[PDB]
Amino acid sequence: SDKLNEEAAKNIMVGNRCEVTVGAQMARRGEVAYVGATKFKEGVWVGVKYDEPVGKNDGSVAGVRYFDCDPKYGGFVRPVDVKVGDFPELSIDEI
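About the criteria used
Residues numbered from 1 in each chain as written, not as in the entry; some residues may be left out. Heavy atoms only, no water. Helix = DSSP H or I, 4+ residues; strand = E, 2+ residues; numbered from the N terminus. Rg over C-alpha atoms; globule rule 2.2 N^0.38 Å. Buried < 20%, exposed > 50% of the residue type's maximum accessible area, 1.4 Å probe, protein only. Contact = heavy atoms within 4.5 Å. Areas by Shrake-Rupley, 256 points an atom, 1.4 Å probe, with all protein chains shown as cover. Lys, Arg positive; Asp, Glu negative; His and termini not counted. Charge placed at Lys NZ, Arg CZ, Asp CG, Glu CD. Salt bridge = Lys/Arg side-chain N within 4 Å of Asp/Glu carboxyl O. Core = buried A, V, L, I, M, F, W, Y, C linked by side-chain atoms within 4.5 Å.

Regarding how it was determined, this PDB entry cites X-ray crystallography in its header, along with a resolution of 1.77 Å.

In structure tokens, the structure reads:
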């Protein structure tokens, strides 16, 4: 319903790397797997495939599959909580 979510969504594209910050939560990075309307709630939703199992779903909500990923690796959030861009996975193999 927000204009803000409408704005923030303008440039969000499936395939984009991103960083999700919902509320108090610690920033989490992943890849945009879905952008747009869904069946569970009105407005725009961004489905994200997380780098770690820090999500709430496996790409499906209420039995409707929106995208694919392993359990706990997917999440749906409002566009205003998503920053898209060069957000590489936070990992250090050796330093």
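Past the structure itself, the notes keep going.
(A) Summary view of the overall build of the protein. Helix and strand counts for the protein stand at one helix and seven strands. Taken from the N to the C terminus, the helices and strands of the protein come in the order α-β-β-β-β-β-β-β. Against the globule reference of 12 Å for 95 residues, the protein gives a C-alpha radius of gyration of 13 Å, in line with a compact fold. Out of the 95 residues belonging to the protein, those deemed buried represent 36%. For the protein, the proportion of contacts with a sequence separation of at least 24, taken over those separated by at least 6, is 45%. When the accessible surface of the protein is totalled, it reaches about 6000 Å², and 50% of it is carbon and sulfur. In the protein, the 13 positive side-chain charges and the 16 negative ones have mean positions that sit 7 Å from each other.

(B) Focus on the pattern of salt bridges. The final tally for this structure, using the stated rule, is four salt bridges. A salt bridge links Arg 65 to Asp 58; the shortest N-O distance between them is 2.8 Å. Since its relative accessible area comes to 43%, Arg 65 is described here as partly exposed. The salt bridge partner of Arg 65 is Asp 68, with a shortest N-O separation of 3.7 Å. Overlapping salt bridges, with partners in common, bring together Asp 58, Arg 65 and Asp 68 in one network.

(C) Summary view of the nonpolar core. Grouped together as the largest cluster of nonpolar side chains are nine residues: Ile 12, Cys 18, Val 20, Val 32, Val 46, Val 48, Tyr 50, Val 77 and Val 82. Breaking this core down by element, the ones donating at least two residues are β1 (17-20) and β3 (45-50). Broken down by element, this core gets its largest block of residues, three residues, from β3. Among all residues touching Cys 18, those that are not within four sequence positions of it are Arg 28, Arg 29, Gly 30, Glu 31, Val 32, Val 48, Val 82, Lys 83, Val 84, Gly 85 and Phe 87. Counting residues in each nonpolar core, the second largest holds six residues, with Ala 33, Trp 45, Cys 69 and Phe 76 among its members.

(D) Highlighting unusual backbone geometry. A positive phi is found at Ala 62, a non-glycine position, where the angle reads about 50°. Positive phi is not limited to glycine here, since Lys 72 has a value of about 70°. For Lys 72, a relative accessible area of 42% corresponds to the partly exposed category.

(E) Molecular detail of the environment of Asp 70. Within the secondary structure, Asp 70 is located in the loop between β5 (64-65) and β6 (74-77). The exposure class assigned to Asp 70 is exposed, which follows from its relative accessible area of 54%. C-alpha of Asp 70 to C-alpha of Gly 59: the two residues are 11 residues apart in sequence and 7.7 Å apart in space. The residues touching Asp 70, leaving out its near neighbours within four places in the chain, are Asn 57 and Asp 58.

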